[PDB]
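A.B. asks: Quick one, what's the 3D model for this:
(one chain, ligands or ions: 4)
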Amino acid sequence: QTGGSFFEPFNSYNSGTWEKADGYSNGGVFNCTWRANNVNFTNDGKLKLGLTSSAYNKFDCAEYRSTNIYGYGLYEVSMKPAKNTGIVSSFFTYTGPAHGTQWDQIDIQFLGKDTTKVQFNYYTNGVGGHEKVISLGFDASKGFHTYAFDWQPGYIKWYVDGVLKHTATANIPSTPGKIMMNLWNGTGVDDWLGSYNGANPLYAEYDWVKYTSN
Ligand SMILES: OC[C@H]1O[C@@H](O[C@H]2[C@H](O)[C@@H](O)[C@H](O[C@H]3[C@H](O)[C@@H](O)[C@H](O[C@@H]4[C@@H](O)[C@H](O)O[C@H](CO)[C@H]4O)O[C@@H]3CO)O[C@@H]2CO)[C@H](O)[C@@H](O)[C@@H]1O
Ligand SMILES: [Ca+2]
Ligand SMILES: [Zn+2]
Ligand SMILES: [Zn+2]
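C.D. replies: Residues are numbered from 1 along each chain as shown. Ligands and ions are numbered 1, 2, ... in the order given. Below, you will see the structure:
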């Protein structure tokens with residue numbers, strides 16, 4: 001069954017509860033290869049995802065994924081996304097074809113082109129289009145703040161430091177998924193992310209993640 005409530009402080013790599021994407025690229029808009037070497041833990045207990053390069057116009061990025069799958073409940077994360085044109089730092093639930101299910105996800109994405117805003121979205125059976133951009137009232141890249149989504153049968157509610165910022169009720173996903181965090185540079189989506197200018201290294205940091213089931 002779907003995993004139970006938990007609290008992850010990111011003190012170290014726990015290959016029992018989390019996995020590091022490694023040796024492949026998502027392709028498409030993801031113009032980088034996931035590297036386990038890019039998922040690291042600081043001395044002070046922060047997950048630190050890195051976007052790096054060791055070759056011309058060639059980038060290595062990072063994705064950390066839960067081994068367990070999770071359903072309806074409250075998802076919270078304290079993080080500090082990267083700031084730079086053409087990148088994304090994220091916290092999200094995901095399942096899809098590569099997992100042997102329909103595409104259901106709920107996502108928080110910080111577009112590096114403007115870290116004073118955040119984007120919320122979700123997909124149900126591969127149908128998305130629920131994008132919402134929210135002004136934060138601060139630059140997220142400058143400190144750790146707490147972001148969350150409460151995923152329930154008839155709604156998703158997103159919060160920033162406990163303040164309700166947006167509510168969705170239409171066609172809410174139901175297929176349990178992995179909790180994931182990633183940092184990556186885009187290609188072919190300059191209008192959305194800005195073009196990426198190869199700045200490296202860049203990092204997204206996460207202090208903890210908490211999930212509370214129904
Ligand atoms: O293990 C099985 C097999 O699959 C492989 O990797 C898969 C991986 O399992 C899977 O999670 C992955 O899913 C990605 C989607 O393709 C991509 O669309 C999705 O993008 C989301 C956005 O939709 C969302 O808005 O924002 C977030 C954050 O910015 C974004 O990530 O992201 C997911 C997760 O990365 O695709 C992989 C490749 O198909 C392995 O490659 C293969 O070797 C394994 O055998
Ligand atoms: Ca921590
Ligand atoms: Zn705050
Ligand atoms: Zn709204």
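A.B. asks: Nearest to ligand 2: which residue in the protein?
C.D. replies: The nearest approach of the chain to ligand 2 comes at residue 45, 3.4 Å away (CB to the ion). C-beta: built from backbone N, CA, C; applies to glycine.
A.B. asks: now that residue: how far from ligand 1?
C.D. replies: 23 Å (CB to the nearest ligand atom, to the nearest Å).
A.B. asks: I'd say residue 162 and residue 146 touch.
C.D. replies: Yes: using CB atoms under 8 Å, residue 162 is in contact with residue 146, at 7.0 Å.
A.B. asks: neighbour count winner among the two?
C.D. replies: Neighbour count, other CB atoms under 10 Å: between residue 162 and residue 146, residue 146 has more, with 16 against 8.
A.B. asks: How about the more buried one, nearest residue that isn't a chain neighbour?
C.D. replies: Excluding the flanking residues, the one nearest residue 146 by CB to CB, 6 or more residues apart in numbering is residue 78, at 4.9 Å.
A.B. asks: gap between that neighbour and residue 67?
C.D. replies: Note on residue 78: its distance to residue 67, by CB to CB, to the nearest Å, is 21 Å.
A.B. asks: the more surrounded of those two?
C.D. replies: The residue with more neighbours, out of residue 78 and residue 67, is residue 78; 21 against 13, by other CB under 10 Å.
A.B. asks: show me the contacts for residue 47.
C.D. replies: Residue 47 is in contact with 10, 39, 40, 41, 64, 181, 205, 206, 207, counting by CB atoms under 8 Å, 6 or more residues apart in numbering.
A.B. asks: The residue of the chain closest to ligand 2 contacts residue 11, doesn't it?
C.D. replies: Yes: the criterion here is CB under 8 Å, and residue 45 meets it with residue 11 at 4.7 Å.
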